[PDB]
Every structure is written in C-alpha cells, then in structure tokens.
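Q: Please read through the structure below; I'll follow up with questions.
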Amino acid sequence: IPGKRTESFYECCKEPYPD
Amino acid sequence: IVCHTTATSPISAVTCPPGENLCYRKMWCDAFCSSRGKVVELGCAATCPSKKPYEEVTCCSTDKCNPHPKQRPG
C-alpha cells in the first residue's frame with residue numbers, strides 16, 4: 001500500500017530514493 | 001553565473017546570479033551506494049564552507065558546478 005512518495009532525490013532518477 | 005536546479009527530479013539547471021550563490025550537494029554516499037547512485041539534492045547557497053562531513057552539504061561557487069551528468073561520448 002503506497003504511502004510515501006515524497007522523500008528526496010538521488011543521482012538523477014530515484015523519484016522515491018528510499019527503496 | 002549559474003546554478004543548476006535543486007535536483008527535484010528532472011535536472012534542468014537554473015540560474016543563480018544574486019552575488020553569493022554557489023551550488024551545494026546534499027548526498028549521503030555518492031559513487032554507487034544504492035541504485036540511483038545516491039542522494040544529491042542539489043541547491044544554491046551563498047556560502048562555501050569546508051570540512052570533513054562524511055555526508056553533508058558540499059559546496060562550489062563560480063557557475064554551473066553542480067551539473068552531475070558530465071559523461072562525454074566515448
């Protein structure tokens with residue numbers, strides 16, 4: 001159940017960085 | 001003078017001509033440490049500190065010092 005899609009950025013394309 | 005975007009997702013690069021506005025880099029490891037490289041929430045700051053963060057905000061003024069994709073063909 002997606003409930004965390006706004007954490008941070010990564011090298012360029014890890015929209016959801018954390019996992 | 002210029003300073004890439006904050007790295008929200010689609011690195012497009014923004015300007016930064018307010019006098020003091022280097023390009024910092026918020027990273028935890030960088031250089032293969034997960035999947036999308038690593039955290040690197042770029043940004044623009046007016047100060048270029050320096051020390052042994054081991055994981056904090058880096059710095060580099062001048063202009064466009066936070067591109068990231070500097071891969072040349074070949």
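The chains in the structure tokens are called A, B, ... from first to last as shown; in each chain the residues are counted from 1, and the ligands are counted from 1 in the order shown.
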Taking 5 positions as the minimum chain separation for residues in the same chain, which residues sit within 9 Å of residue 63 in chain B when counting only C-alpha atoms? Answer as a list in words.

A: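 Neighbouring residues, sequence-local ones excluded: residues 1, 2, 3, 4, 15, 16, 21, 22 and 23 of chain B.
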
Q: Up to 10 Å from chain A, what residues of chain B turn up? Count only C-alpha atoms and give them as a list in words.

A: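 The selection requested is residues 6, 7, 8, 9, 10, 11, 26, 27, 28, 30, 31, 32, 34, 35, 36, 37, 38, 39, 40, 41, 42, 68 and 69 of chain B.
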
Q: Save the residues we just selected, N, CA and C atoms, as an mmCIF file, in the first residue's frame?

A:
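Okay, this is what ended up in again_27.cif:
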```cif
data_model
loop_
_atom_site.group_PDB
_atom_site.id
_atom_site.type_symbol
_atom_site.label_atom_id
_atom_site.label_comp_id
_atom_site.auth_asym_id
_atom_site.auth_seq_id
_atom_site.Cartn_x
_atom_site.Cartn_y
_atom_site.Cartn_z
ATOM 1 N N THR B 6 17.579 22.369 -7.882
ATOM 2 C CA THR B 6 17.744 21.710 -6.590
ATOM 3 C C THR B 6 17.753 20.187 -6.731
ATOM 4 N N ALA B 7 17.526 19.694 -7.948
ATOM 5 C CA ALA B 7 17.506 18.254 -8.202
ATOM 6 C C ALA B 7 16.213 17.622 -7.706
ATOM 7 N N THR B 8 15.085 18.263 -8.000
ATOM 8 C CA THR B 8 13.790 17.734 -7.593
ATOM 9 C C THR B 8 13.597 16.356 -8.214
ATOM 10 N N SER B 9 13.978 16.254 -9.481
ATOM 11 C CA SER B 9 13.888 15.009 -10.224
ATOM 12 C C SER B 9 14.457 15.195 -11.628
ATOM 13 N N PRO B 10 13.861 16.098 -12.428
ATOM 14 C CA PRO B 10 14.323 16.371 -13.780
ATOM 15 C C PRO B 10 15.333 17.511 -13.820
ATOM 16 N N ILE B 11 16.594 17.176 -13.620
ATOM 17 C CA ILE B 11 17.662 18.174 -13.631
ATOM 18 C C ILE B 11 17.629 18.993 -14.923
ATOM 19 N N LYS B 26 23.596 17.880 -1.456
ATOM 20 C CA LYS B 26 23.150 17.081 -0.316
ATOM 21 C C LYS B 26 23.193 15.594 -0.666
ATOM 22 N N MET B 27 24.253 14.908 -0.236
ATOM 23 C CA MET B 27 24.414 13.486 -0.536
ATOM 24 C C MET B 27 24.813 12.696 0.712
ATOM 25 N N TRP B 28 24.557 11.377 0.710
ATOM 26 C CA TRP B 28 24.897 10.538 1.867
ATOM 27 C C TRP B 28 26.111 9.671 1.594
ATOM 28 N N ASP B 30 27.130 8.796 -2.423
ATOM 29 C CA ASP B 30 27.556 9.084 -3.786
ATOM 30 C C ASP B 30 28.567 8.045 -4.261
ATOM 31 N N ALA B 31 28.579 7.786 -5.566
ATOM 32 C CA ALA B 31 29.502 6.817 -6.153
ATOM 33 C C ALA B 31 29.064 5.380 -5.874
ATOM 34 N N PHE B 32 27.956 4.975 -6.487
ATOM 35 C CA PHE B 32 27.432 3.622 -6.322
ATOM 36 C C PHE B 32 27.257 3.253 -4.850
ATOM 37 N N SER B 34 23.691 2.420 -3.845
ATOM 38 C CA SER B 34 22.287 2.003 -3.819
ATOM 39 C C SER B 34 21.804 1.579 -5.216
ATOM 40 N N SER B 35 21.105 2.476 -5.919
ATOM 41 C CA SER B 35 20.597 2.179 -7.263
ATOM 42 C C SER B 35 20.723 3.407 -8.158
ATOM 43 N N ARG B 36 20.125 4.508 -7.717
ATOM 44 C CA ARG B 36 20.194 5.774 -8.430
ATOM 45 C C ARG B 36 21.374 6.533 -7.875
ATOM 46 N N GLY B 37 22.518 5.856 -7.853
ATOM 47 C CA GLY B 37 23.712 6.440 -7.283
ATOM 48 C C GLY B 37 23.477 6.707 -5.820
ATOM 49 N N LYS B 38 23.160 7.948 -5.502
ATOM 50 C CA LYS B 38 22.833 8.320 -4.139
ATOM 51 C C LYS B 38 22.227 9.694 -4.081
ATOM 52 N N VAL B 39 21.704 9.979 -2.919
ATOM 53 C CA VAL B 39 21.103 11.254 -2.615
ATOM 54 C C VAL B 39 22.017 12.385 -3.071
ATOM 55 N N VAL B 40 21.442 13.391 -3.707
ATOM 56 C CA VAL B 40 22.219 14.526 -4.178
ATOM 57 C C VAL B 40 21.320 15.710 -4.452
ATOM 58 N N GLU B 41 20.502 16.024 -3.469
ATOM 59 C CA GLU B 41 19.596 17.147 -3.569
ATOM 60 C C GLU B 41 20.384 18.439 -3.711
ATOM 61 N N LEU B 42 20.741 18.760 -4.944
ATOM 62 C CA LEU B 42 21.498 19.970 -5.228
ATOM 63 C C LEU B 42 20.741 21.201 -4.734
ATOM 64 N N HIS B 68 26.251 17.372 -12.724
ATOM 65 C CA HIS B 68 26.084 15.960 -12.340
ATOM 66 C C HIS B 68 26.383 15.013 -13.509
ATOM 67 N N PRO B 69 25.677 15.148 -14.652
ATOM 68 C CA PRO B 69 25.895 14.286 -15.809
ATOM 69 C C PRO B 69 26.946 14.845 -16.763
#
```

Q: Report, in Å to a single decimal, how far apart CA of residue 12 in chain B and CA of residue 46 in chain B are.

A: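 Separation between CA of residue 46 in chain B and CA of residue 12 in chain B: 20.7 Å.
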
Q: Interatomic distance between CA of residue 19 in chain B and CA of residue 62 in chain B?

A: 10.1 Å

Q: Could you pull out the residues in chain B that DSSP calls strand (DSSP E) from the backbone, as an MDAnalysis selection string?

A: chainID B and resid 22:26 41:45 57:58

Q: Can you work out the spacing between CA of residue 67 in chain B and CA of residue 13 in chain B in Å, to one decimal?

A: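 These two atoms are separated by 7.4 Å.
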